[PDB]
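K.L.:
coords below, sequence missing:
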Ligand code: CLA
Ligand code: CLA
Ligand code: CLA
Ligand code: CLA
Ligand code: CLA
Ligand code: CLA
Ligand SMILES: CC1=CCCC(C)(C)[C@H]1/C=C/C(C)=C/C=C/C(C)=C/C=C/C=C(C)/C=C/C=C(C)/C=C/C1=C(C)CCCC1(C)C
Ligand SMILES: CC1=CCCC(C)(C)[C@H]1/C=C/C(C)=C/C=C/C(C)=C/C=C/C=C(C)/C=C/C=C(C)/C=C/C1=C(C)CCCC1(C)C
Ligand SMILES: [Cl-]
Ligand SMILES: [Fe+2]
């Protein structure tokens, strides 16, 4: 009969049942959204947003709620850190319950369409057979897509009749949902300009709307109709899978590299902020202009916010996790409690050494303390015998500036080594490893997991697009080849391949 | 000339590069 | 207009006049000259 | 016509007793002239290092790459 | 088989299955817009790639503020 | 046939020695521009300014050590267009920053696209099912995941596989040392697919050649086959009996056998592609945490896994200085992880 | 007109000579450790 | 305790192999 | 060995659910073959 | 709250195995009914 | 709306059963050592 | 572990017999995929649309289950006519030959590196006019081999050379 991998092909030529299965899939996806939101809310810890934000807790789907308006909870807390006094219905809980209710309603609609499948809407008046006028259905759907895109751009994102979207500063320290005016011009095409989102969703939507008016009105040319097999729904499936993996690759790129639509405080920093020293340079210039203002190292480093110092830490890097190191980022190094300050390394004389930072590539990196110019001065040797650059020989002391360990000058070699090991990983922090029983191996942020999943899905959907394009373009030879193939495939039988009017 | 174009697009760079390589054997540092 | 934008526009123009237009013209002439019989 | 039918033809070999060695020698003078080192930028055996440049040359910026390349390849 | 109010309302939208404009139709303008959209995608790809640097378009996190 | 598009279509699909087709307008230039580019880059262009290496026959390398090395790490993920802001139209500086690797890779991606389109086109015109174009999707996935998505997940094109022999061996050992890719279950599925496909090829060839029917009186049995015969040239029943009573199971259906021969290598390649896509983001099956904790608390607990981890540390530390010259890694002999004696 | 066996003989001889010159260059001059 | 799961999975694979060898669908020639 | 605890559920149920699916698909099909005769 | 860990496997598998058994017994019967016609 | 003309039977022969069981069990064997960690 | 130690001590990757084995397995996969694709692609129509195509073949039948001419012509148009194996017996001999010979060669390569006839050693094979070493990919591979060499069996070696 119908093998296990063809079982969903019975609904290929039954439009009502096709709507039913689409409804069931939509119901399942909405139910997943609601259930994931509920589970995340059950396991979320909203107490500390600066050292235990959403992305440190493995919050995958909540940032997408917080990205475009839903920053509050019925429990009287906000992802931004403020305490909500009178939360509205559209909180995290309300969104979750709405998605569950929509899942139930879509399930009921799927049941109705599965039972009542033989509607005159799906039957061709000319022939009476079940059929779908796909070019016009596409125009209707493109009208709907354009209207929704324009509405989102003009009302939701601009906040004319909506919350706006998440906007943040350069360093993720002061971010909130707010309206964004549309950025018409070249600046709208900056991926890190949130305003360019609005300018897009308006303008693109308008064009989409206009495109809908074309596709409802204008019938396809016969040439493209026969070439693309527009009367075959599997053409639509192939092209849709094509566009879908295209979008998946684009979203994967904007996730990994970052953009205005992937704020760091919602998904964690990127690997490239760590690679280029994006936050280290900002902290350095902050303390430098503080020093130029007459402040000292203690005061200058005390003015650095804990959030900014937390970003300057390799454990927050998405390129440090593992494929099977599962769970929240707090399950690895731990839950960050406090910042111990900048460990200046004053050598025996007083020169400032600096521990070379771990690159993301290396699981384990040697602890070497390079000089200002960078000749190696001291390090933690592997072979102690005949050691030249041991911290014992050179002599080093760790003076802490800022943080809870401020103003403390350790000058023993052991305690210097212990904080050299910490300074190898960027800024040094205190961690709670007991609440979640953390095992001391780094995990990936939601940024990395999104990138992984959608990269793999994009490749697999490229395979699917190949398969279904092949099927729709080779429908006539699905069951096998006939005897006609033997005459045309002969070399030189016809001047033009395939065509038999030639010779 | 398409046969000529294909075969000679393959051939002319090939002999040119082989002559260059046989010369390059003698560079002798 | 930045140097990069000028380079991009020039790249489009040279792509037209060095790759697309020559290949298209050659295809058109050869297809119009060497024609199949009994089509 | 079939490949062997061309190869054994005398005309083929009257053509390719002259055409093939011409370019086989053209490549020889392409590299023996030192022209390849100039087109492709490949250092000669006496150009990997020079004064103040006893270390490996590396480009460390995307956009000024040409600038530091001349600076390093001033020679 | 079944006739419904919404079915009657939406029947004109699914009554021209197989209706095709004769010949090439609108394919030339389709190809022209395809060229334009290809150029647009190339422009934005080179903008983020920073192979196409546009003035007042700073592709960087620091452009946020 | 009358219309200009019909005339171009008729000429492109002409039955000649080399089928051109519409896909040939994408395959033949790019493919050519790829292959010659490799032959150029591996023959005259250097890696002295990107990797600190010699990589051309001109510099003195052989077929093994000659390669088209990746661009400099400072280039990031630049498209490295010859007219771009890096080379700025200068061919020499373009070759010196390793832009020829970008040329070869970007033209090879479109050459693979054009060849798969060629497979689809010839399958359509000949009138057979398009299973060969879908089997080339495996190689396309390998190239896309290993040469494009892996460096695009990493810092730059520098960490892509440099196009060579010794370069590819260096890529193999680099990926092992830094990702522990042998421990990756998707790599395991891929090598399973590859070795199983080689196994299927060998067994099928031997079985077919050794259950041939006696269609002649010559000891050399190759001439006893006619291409157009409507008779199977070998015994499926005898092969089934042989493998059933030797191995317990055996193919009974030729169509299933030949689909299996397709599915095994393709599935292997796609599985390994998933693993390399994972490795692009450093999402690596590097370690088993339970054994790491036990060995941390039990200094007598040793497994071959822990020995492999130590070998990976050795690879990383002893390779980083010369393999990533842009980082300027100075590891003294004190900090380099070593063993007793050697 | 020229027997193809002689053509094959001379062509293979010349190709083997070229590859042997490559081998010599491998044991001589640049690319050799000496 | 994971040794229980590992042993169970390996034994299940061996059992599937046994049943595939000895309880296969017998090949027969169609008519 | 500090192993995960939901990994037991993951392995056992990811083995069980496809296995029972395959067994059901086989038994259904056989039943139908027997019913046809 | 501290609860057992194999109790998860106990509950989930003791629900799953009889449930799939019943579903298989139903599908198999139906398939046979359809095959008879 | 009455009987659907698109109803078709579904099958899984015994060879496919053993192939599926082998695939699932071997995947469990491969990925169990990674899920437990 | 055995792989990494073998590479560290013998440089099996640069040894040409292992390269022949890699060619053997990669070509075996290539030819397996190609042969399966072409046989599955030219299957003769013997099956309805609601039925698996594999049931178009009956065990023990006398007729061929696919058109060899169609697959041969398709593969000839794909590359060129001369490349295709018009003979099926020669095709299957080649299928049995390529991986078997490749695996024979790599097994023999391991057998020869057992007695320490190692893969190629092009380390420091390119030197400038002064005579200082310009690295190649062989040298960078040597660095990985050296890391594996020093870290393997950390406590077993008391003398600098790994002669055993
Ligand atoms: C003035 C109005 C206006 C403005 C300001 C913008 C603004 C924007 N548009 Mg545009 N847009 C407009 C009108 C406008 N649009 C109109 C009228 C349309 C027609 C409907 C579009 C259609 C459109 C599309 C289809 C896309 C944009 C995108 C964008 C964004 C570009 C920056 C970015 O993040 O790129 C990031 C994305 C890119 C730079 C595009 C990359 C394209 C390459 C070619 C993809 C390659 C994929 C391939 C399969 C990978 C293979 C290899 C790999 C596996 C290794 C930005 C929000 C892009 C977007 O959504 O970005 C998130 C986008 O893809 N716009
Ligand atoms: C009734 C409307 C409705 C509303 C108001 C929301 C609201 C929300 N959903 Mg959604 N959702 C809905 C219906 C709705 N949902 C339905 C029916 C389903 C079932 C499929 C889901 C399934 C779902 C999931 C699975 C998830 C959400 C989530 C969310 C949140 C984030 C939305 C977001 O960023 O999307 C972003 C959407 C996109 C980036 C896609 C945009 C559209 C593409 C790019 C269009 C491409 C094709 C187009 C035709 C091209 C041409 C057009 C052009 C010419 C104009 C938010 C609370 C997330 C969440 O946090 O849940 C708790 C989440 O993960 N929803
Ligand atoms: C692409 C979509 C996506 C993404 C990016 C994420 C991302 C995340 N999820 Mg997940 N999640 C998703 C979909 C996704 N989820 C879905 C659909 C569900 C519903 C089942 C869940 C349910 C879920 C829960 C319940 C939890 C998360 C959590 C997390 C976080 C940790 C991920 C982790 O540890 O993975 C680990 C992944 C692996 C060990 C396997 C990955 C490698 C491949 C895919 C294995 C494939 C095996 C294959 C099928 C063979 C099996 C054979 C069988 C016989 C055994 C992270 C933010 C955690 C969190 O922090 O929540 C607050 C958490 O507790 N997610
Ligand atoms: C939305 C996209 C989409 C849609 C609508 C379809 C639809 C179809 N595909 Mg599929 N396909 C897709 C994507 C899609 N495909 C992709 C991405 C790939 C690449 C891997 C394929 C590869 C593919 C092949 C090779 C074949 C089909 C076939 C089919 C048809 C029957 C499938 C069936 O009955 O499966 C029944 C499936 C099962 C009973 C169990 C499958 C269990 C899977 C493997 C694991 C668990 C999945 C999990 C629960 C959910 C995934 C989440 C998602 C986000 C990825 C049907 C028309 C068949 C066809 O053409 O028949 C004529 C066919 O042979 N497809
Ligand atoms: C190797 C990959 C591959 C293969 C084999 C196929 C095969 C197929 N596709 Mg295509 N497709 C691909 C990639 C591929 N596609 C990609 C990446 C996309 C974008 C998402 C699409 C989107 C797509 C759609 C939407 C449709 C098809 C369809 C088809 C079928 C008909 C042929 C066709 O339309 O060719 C398409 C042509 C190409 C892939 C070649 C493109 C060449 C470009 C224009 C050159 C660009 C050069 C430029 C200078 C580069 C600048 C960037 C640089 C700086 C990096 C066939 C099954 C049709 C189908 O299934 O109909 C039933 C169909 O509707 N495809
Ligand atoms: C099959 C043909 C083909 C294809 C698909 C490609 C593809 C590619 N080539 Mg090209 N190339 C080709 C033939 C081809 N090439 C040939 C024959 C040569 C030898 C002369 C070259 C020589 C070459 C070089 C030297 C380089 C490339 C590069 C590239 C890449 C960048 C393309 C790009 O952005 O160009 C620019 C875009 C186009 C050419 C598309 C033009 C689109 C239309 C026709 C323009 C219309 C003009 C418009 C109306 C102007 C109005 C003004 C403005 C407002 C828009 C890409 C992979 C680069 C690369 O690989 O870098 C690593 C590179 O440096 N190619
Ligand atoms: C196996 C595997 C492979 C790849 C991905 C991954 C590794 C994650 C893993 C998982 C994959 C998948 C696809 C998991 C998805 C899970 C899904 C879709 C779960 C479904 C959740 C849905 C739920 C609760 C829905 C709840 C609905 C309810 C109450 C409805 C009730 C109602 C009804 C029915 C009528 C109206 C009234 C009311 C009360 C609303
Ligand atoms: C590169 C680049 C930059 C910018 C623009 C431009 C269009 C120029 C673009 C493209 C350039 C192109 C396509 C150049 C073309 C160059 C080509 C095709 C070079 C190829 C040369 C081929 C070579 C050596 C072949 C050597 C073969 C050898 C030893 C074979 C060895 C053998 C021999 C000698 C005898 C028997 C045994 C065996 C193994 C068969
Ligand atoms: Cl010893
Ligand atoms: Fe066969």
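P.N.:
Yes, it's here. Numbers count the residues shown, from 1 in each chain, chains lettered A, B, ... in the order given. Ligands and ions are numbered 1, 2, ... in the order given.
K.L.:
residues contacting the residue of chain H found nearest chain F?
P.N.:
Nearest residue of chain H to chain F (Cβ to the nearest Cβ) works out as residue H:21 at 3.5 Å. The C-beta positions use only the backbone N, C-alpha and C, and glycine is treated the same way. Contact partners of residue H:21, counting by Cβ atoms under 8 Å, 6 or more residues apart in numbering or on different chains, are F:248-249.
K.L.:
can you do 10 Å?
P.N.:
The neighbourhood of residue H:21, defined by Cβ atoms under 10 Å, 6 or more residues apart in numbering or on different chains, consists of F:244, F:247-249, K:18.
K.L.:
element containing it?
P.N.:
Counting by DSSP states H and E, the element that carries residue H:21 is helix H:2-22.
K.L.:
flag every residue of chain K that's near chain J.
P.N.:
Counting by Cβ under 10 Å from any Cβ of the partner chain, the residues of chain K close to chain J are K:7, K:9-11.
K.L.:
in ChimeraX, select just the buried ones from these.
P.N.:
What follows is the ChimeraX syntax for the buried subset of these, where burial is set by 16 or more other Cβ atoms under 10 Å in any protein chain shown:
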select /K:9,10,11
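K.L.:
using CSV, lay out the residues of chain K next to chain J together with secondary structure.
P.N.:
Supplementary listing: the residues of chain K next to chain J in CSV, determined by DSSP: H, G, I helix; E, B strand; the rest coil:
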residue, secondary structure
K:7, coil
K:9, coil
K:10, strand
K:11, strand
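K.L.:
now name the helix or strand holding whatever residue of chain I ends up closest to ligand 6.
P.N.:
With Cβ to the nearest ligand atom as the measure, the residue in chain I that lies nearest ligand 6 is residue I:14; the distance is 42.1 Å. When elements are assigned from DSSP H and E, residue I:14 belongs to helix I:6-36.
K.L.:
helix or strand: which one has the residue nearest to the spatial centre of chain D?
P.N.:
Per Cα atoms, centre = their mean, the C-alpha nearest to the average position across chain D is that of residue D:36, at 3.3 Å. Using DSSP H and E, residue D:36 sits within helix D:35-39.
K.L.:
next SSE after that helix?
P.N.:
Scanning the chain past helix D:35-39 towards its C-terminal end, the next helix or strand to appear is helix D:65-72 (assignment: DSSP H and E).
K.L.:
does chain F have contacts with that following helix?
P.N.:
Yes: contact of helix D:65-72 with chain F (Cβ under 10 Å from any Cβ) involves D:65-70, D:72.
K.L.:
scan these and report the most crowded one.
P.N.:
Within these, neighbour counts (other Cβ atoms under 10 Å in any protein chain shown) peak at residue D:65, which reaches 27 neighbours.
K.L.:
for that one, what are its contacts?
P.N.:
Residue D:65 makes contact with D:59, F:49, F:71-72, F:74-75, F:78, F:80, F:85-88, F:90, F:93-94, F:96-97, F:99 under the criterion Cβ under 10 Å, 6+ apart.
K.L.:
same question for residue A:388.
P.N.:
Remark: with contacts taken as Cβ under 10 Å, 6+ apart, residue A:388 is in contact with A:376, A:378-379, A:381, A:394, F:332-334.
K.L.:
biggest helix in chain D by residues?
P.N.:
Across chain D, the helix with the greatest residue count (assigned by DSSP state H) is helix D:19-32.
K.L.:
which residues are contacting that one?
P.N.:
Judged by Cβ under 10 Å, 6+ apart, the contacts made with helix D:19-32 from elsewhere in the structure are B:8, B:11-24, B:26-27, D:13, D:16, D:35-37, D:39, F:43-44, F:57-58, G:18.
K.L.:
out of those, which are buried?
P.N.:
The neighbour-count test (16+ other Cβ under 10 Å) applied to the contacts of helix D:19-32 identifies B:13-24, B:27, D:36-37, F:43-44, F:57-58, G:18 as buried.
K.L.:
if you look at those residues, which of them are in strands?
P.N.:
Within the buried ones among the contacts of helix D:19-32, no residue falls in strands by DSSP state E.
K.L.:
and those residues near ligand 6, which?
P.N.:
With respect to ligand 6, and counting by Cβ under 6 Å from any ligand atom, no part of these is in contact.
K.L.:
filter the residues you listed down to the ones in helices?
P.N.:
Those of the buried ones among the contacts of helix D:19-32 lying in helices (DSSP H): B:13-24, D:36-37, G:18.
K.L.:
could you find the closest non-adjacent residue to the residue in chain F positioned nearest to ligand 7?
P.N.:
Relative to ligand 7, the nearest point of chain F is residue F:274 (11.8 Å; Cβ to the nearest ligand atom). Taking Cβ to Cβ, 6 or more residues apart in numbering or on different chains as the measure, residue F:274 lies nearest to residue F:186, with 4.7 Å between them; neighbours along the chain are not counted.
K.L.:
check residue F:11 too.
P.N.:
Excluding its sequence neighbours, the residue lying closest to residue F:11 (Cβ to Cβ, 6+ apart) is residue C:31, at 3.9 Å.
K.L.:
okay but that neighbour is in contact with residue F:6, surely?
P.N.:
Yes: counting by Cβ atoms under 10 Å, a contact exists between residue C:31 and residue F:6, whose distance comes to 9.1 Å.
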